[PDB]
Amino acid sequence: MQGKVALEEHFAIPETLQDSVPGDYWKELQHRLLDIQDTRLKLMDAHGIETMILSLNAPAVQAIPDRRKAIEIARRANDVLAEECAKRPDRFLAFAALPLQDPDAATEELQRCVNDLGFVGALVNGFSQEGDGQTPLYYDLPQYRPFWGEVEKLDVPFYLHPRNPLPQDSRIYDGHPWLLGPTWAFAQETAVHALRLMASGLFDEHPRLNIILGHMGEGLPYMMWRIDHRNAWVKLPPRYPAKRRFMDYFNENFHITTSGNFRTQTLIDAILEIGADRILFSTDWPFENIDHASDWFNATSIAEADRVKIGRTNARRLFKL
C-alpha cells in the first residue's frame, strides 16, 4: 500500500539521545534517531509511507525534573523538529514535546507549536517528573485540567506514549530487567495512565479530546469488556467520578496504532472491539524496522477498504489533512 501515514516515528536531539548494550546496534540506533532526511526518507519512499508525523524520543522531557531545563529542552526539540519538517513539508509533520512538569508552560508551548510552528498534536511519554522527581505525575490530576481544555480548544490529538515506571514503583519487575520497556512494563504503565484519564471524568468535561495509544492500545482492547463488566451481578453504579463506562470513552475518545505490534490476530481483535475506523498504521521507527511494519501491514488479513483507512484515511481525517 502506498500513501500511508505513520505517526509513532521518533527522532532525537543530542540532549535526549542518551535517553535511548554496546555495539553495532546501539551505533545504528543513534544514527537512526538523528537522521530524518536520508535513511528515514528513503525507507518511507520504499515502503509506501507518504506522511510521517515525527516525535521526540523517550522519556526525554518527561524525565527532566527541573521545570526550567524541561521547558528549555522541549522548546529546543520542537524548534529542531520544525526545521527538519520545513525541509520536506510534503512528507513530514510533527508532534509537540511538552514540559508538563509545569502545566502553564506546557499549555503555552503547545500553543506555540500549533499556532506558530504548525504542529498537528502532542506526544508525551507518560507521567512527568518534577522537583526531586520521585513522584510520578499523572495527567488526570486537577492541575492539568486547564491544559486539557486548551488541547481541546486547539483541537489536536494527544499521543500518550510509554515510559518505564520509577524504580520504587517497579518492584514487581525486580530481578527481571527484561520485563521493563517494550516487553511489558511500557504497556502496563500506559494502559493504566489511559484508564486514569477515563476514570477521572476528563472526557465528560472535554468530550472532544482525541487520545492516541500506540502498540495496539497497550493491551486494552482484549480486556476492555472485563474492565467494565467484571462482577456484573453487582448492580451498583461505578465508584469513579466519570459518568459512563470505560468502553464509552475508549470507543469515543481514543485511537490506537499498530506501532511495534505487527500481529494480525491482535489487529482482528481490535477491529472487533474498537473498530477499523479507530486503528492507525504506525511503525515505532527507529526502534522497529520500517520494512517490518510495512510488509506486515501490507499483507495482514483485513478488508482492502480497511487497509486503506487504517493505513491512510483514518489519520488524514484525524489530523485534518
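Counting begins at 1, following the sequence as shown.
**Student:** If I compare the deposited sequence with the modelled residues, how many are absent between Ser20 and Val21: none, 1 to 3, 4 to 9, or 10 or more?
**Tutor:** Just 1 to 3 residues are missing between them.
**Student:** Of 255-263 and 62-70, which one has the bigger average CA B-factor?
**Tutor:** Averaging CA B-factors over each stretch, the winner is 62-70.
**Student:** Would 213-221 or 139-147 have the larger average of its C-alpha temperature factors, as given in the entry?
**Tutor:** Higher mean C-alpha B-factor in the PDB entry: 139-147.
**Student:** Among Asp248, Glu189, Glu109, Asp228, which carries the highest Cα B-factor?
**Tutor:** Going by the entry's C-alpha B-factors, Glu109 comes out highest.
**Student:** Looking at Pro165, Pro162, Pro89, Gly121, which has the highest Cα B-factor in the entry?
**Tutor:** Comparing C-alpha B-factors across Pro165, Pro162, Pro89, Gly121, the maximum falls on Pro89.
**Student:** Considering only modelled residues of the same chain, in which third does the CA B-factor of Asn125 rank: lowest, middle or highest?
**Tutor:** Middle third of the chain for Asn125's C-alpha B-factor.
**Student:** When the deposited Cα B-factors of this chain's modelled residues are ordered and cut into thirds, is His292 in the lowest, the middle or the highest one?
**Tutor:** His292: CA B-factor falls in the lowest third of its chain.
**Student:** Lowest, middle or highest third: where is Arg316 by Cα B-factor in its chain?
**Tutor:** Within its chain, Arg316 is a middle-third residue by C-alpha B-factor, going by the deposited values.
**Student:** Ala303: which third of its chain by C-alpha temperature factor?
**Tutor:** Lowest third - that is where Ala303 ends up once the chain's C-alpha B-factors are sorted.
**Student:** Quick check on the deposited entry: does the C-alpha B-factor of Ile310 sit in the lowest, middle or highest third of its chain?
**Tutor:** For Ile310, the deposited C-alpha B-factor lands in the lowest third.
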